[PDB]
Amino acid sequence: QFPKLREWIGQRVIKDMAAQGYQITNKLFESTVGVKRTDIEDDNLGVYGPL
Amino acid sequence: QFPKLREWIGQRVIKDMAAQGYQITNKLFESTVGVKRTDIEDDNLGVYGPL
Amino acid sequence: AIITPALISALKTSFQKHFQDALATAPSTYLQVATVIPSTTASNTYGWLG
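Summary of the structure given here.

**Things to note about the overall build of chain A**
Then step 1. Within chain A, the secondary structure is distributed over one helix and zero strands.
Then step 2. On C-alpha atoms alone, chain A measures out to a radius of gyration of 32 Å, which is more than a quarter above the 10 Å that the 2.2 N^0.38 rule sets for 51 residues.
Then step 3. Across its three principal axes, chain A shows a C-alpha extent of roughly 90 × 20 × 10 Å.
Then step 4. The buried share of chain A, taken over its 51 residues, is 2%.
Then step 5. Carbon and sulfur atoms form 54% of the exposed surface of chain A, whose accessible area is close to 6000 Å².
Then step 6. Each charge class in chain A can be summarised by its mean position, and for the 7 positive and 7 negative side chains these summaries are 24 Å apart.

Below, the structure written as structure tokens:
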């Protein structure tokens, strides 16, 4: 934040300011499922149709 | 660089490379000289021209 | 008073690639000493008479 406003008495005051910092590292996730071709892909998509 | 080509024996081997880095930070410089306006303007010498 | 991670180190720095592929390798010279012979099978056999 910027310094609070001040009444004038003689001379200005320079004051100071600060800054912050935050760091984050990524992660990798997955999920896999196994299905045999004949089950539905060659016969019919009765299940896993909405896979 | 890469691992040099070697005879393909037994089983293929996966290798890895190397990376390098270098940093250098700039510096700030100054040079000042002071003179009086009256002195330079009251100068019919022709000197102090190529300041 | 910014914290060091966001300083000249990382925040104020520009990446350059002037050093890339600048150190070369010794020039090829095998042609001056050797000749190239093509092949189209497992091996090659050479024969001369005498």
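**Quick look at unusual backbone geometry**
Then step 1. Even without a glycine there, the phi angle at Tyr48(B) is positive, about 65°.
Then step 2. Checked against the element boundaries, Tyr48(B) lands in the segment after α1 (37-41).
Then step 3. Among the residues examined, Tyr48(B) registers a relative accessible area of 61% and is labelled exposed.
Then step 4. Its identity is not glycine, yet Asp21(C) carries a phi of approximately 35°, on the positive side.
Then step 5. Positionally, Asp21(C) belongs in the segment before α1 (30-33).

**Here we look at the arrangement of the chains**
Then step 1. Of all two pairs of chains sharing an interface, the pair with the highest contact count is chains A and C.
Then step 2. Here chain A and chain B are not in contact; the least distance found between their C-alpha atoms is 21 Å.

**Digging into a nonpolar patch on the surface**
Then step 1. A contiguous nonpolar surface patch, about 480 Å² in accessible area, is contributed by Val33(A), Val35(A), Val47(A), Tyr48(A) and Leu51(A).
Then step 2. Along the polypeptide, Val47(A) turns up in the segment after α1 (37-42).

**Structural notes on a negative patch on the surface**
Then step 1. A cluster of acidic residues, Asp39(A), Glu41(A), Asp42(A) and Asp43(A), forms a negative patch on the protein surface.
Then step 2. Locating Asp43(A) in the fold gives a position in the segment after α1.

**Details of the environment of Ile8(C)**
Then step 1. Within the secondary structure layout, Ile8(C) lies in the segment before α1.
Then step 2. On the basis of relative accessibility, which here comes to 39%, the residue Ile8(C) falls in the partly exposed class.
Then step 3. Along the backbone, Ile8(C) and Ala22(C) are 14 residues apart, and their C-alpha atoms lie at a distance of 26 Å.
Then step 4. With near-sequence residues (within four places) excluded, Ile8(C) lies in contact with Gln23(B), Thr25(B) and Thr13(C).

What counts, and where the lines are drawn
Here the residue numbering is sequential from 1 along each chain as its sequence is written and may not follow the entry numbering; residues with no coordinates are omitted from view. A letter from A marks each chain and a number from 1 marks each ligand, given out in the order of writing. Any value reported refers to the chains on display, which are one part of a larger assembly. For the side-chain quantities, the full set of heavy atoms in the structure was used; hydrogens and water were omitted. Under the DSSP-based scheme used, a helix requires at least four consecutive residues in state H or I and a strand at least two consecutive residues in state E, with every element numbered from the N terminus. Atoms counted for the radius of gyration: C-alpha only. Globule rule: 2.2 Å times the number of residues to the power 0.38. Each residue is assigned to one of three classes by its accessible area relative to the maximum for its type, calculated with a 1.4 Å probe on protein chains only: buried under 20%, partly exposed between the two thresholds, exposed over 50%. Method for areas: the Shrake-Rupley scheme with a 1.4 Å probe, in which residue coverage is limited to the protein chains shown. Charge assignment: positive for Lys and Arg, negative for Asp and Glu; neither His nor the chain ends contribute. We put the charge of a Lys on NZ, of an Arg on CZ, of an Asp on CG and of a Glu on CD. Any pair of residues with heavy atoms lying within 4.5 Å of one another is described as a contacting pair. Candidate patch residues must exceed 30% relative accessible area and have no salt bridge, after which like charges are joined if within 9 Å and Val, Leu, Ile, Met, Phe, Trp or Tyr side chains if within 5 Å. Just to be clear on terms, a salt bridge is a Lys or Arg side-chain nitrogen sitting within 4 Å of an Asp or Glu carboxyl oxygen.

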